[PDB]
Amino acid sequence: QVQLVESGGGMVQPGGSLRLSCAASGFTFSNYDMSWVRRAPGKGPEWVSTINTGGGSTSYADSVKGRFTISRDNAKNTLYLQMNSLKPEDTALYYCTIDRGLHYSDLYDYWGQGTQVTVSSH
């Protein structure tokens, strides 16, 4: 047992905002660096962001640098991802996980159920 429970996904119009939450259980959440990863329709996985243990280190992918803000709350064992000025390019399913780095191909019983984010007009 080690469960990560994503939430906060939804449908929004371009330019809006959206805060994803990731509630963890079954392990010492504060000891591990956490990453947000996303999977687009038909396309393969893609790394979004990473945040170190103490939360003092943050790192983003070029596509989202400046618009997103990853953070964590190790008291309530919860990772967060604030998403601002979204684009239709960010429409995808979002997972949190323990940091592996950049590559997340060829993955096993692993991914949680994530939460979907959709950004379009109609």
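Sequential numbering from 1, following the sequence displayed.
A chain break between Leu107 and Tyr108 is present, corresponding to 1 to 3 residues of the deposited sequence without coordinates. Here the stretch with the larger average CA B-factor, out of 41 to 49 and 66 to 74, is 41 to 49.
Of the two segments, 18 to 26 and 108 to 116, the one listed with the higher mean B-factor is 108 to 116 (C-alpha atoms only).
Highest C-alpha temperature factor among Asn31, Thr58, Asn84, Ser35, as the PDB entry reports it: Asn84. Annotation for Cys96: CA B-factor lies in the middle third of the chain's modelled residues. When the modelled residues of the chain are ordered by C-alpha B-factor, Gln3 sits in the middle third.
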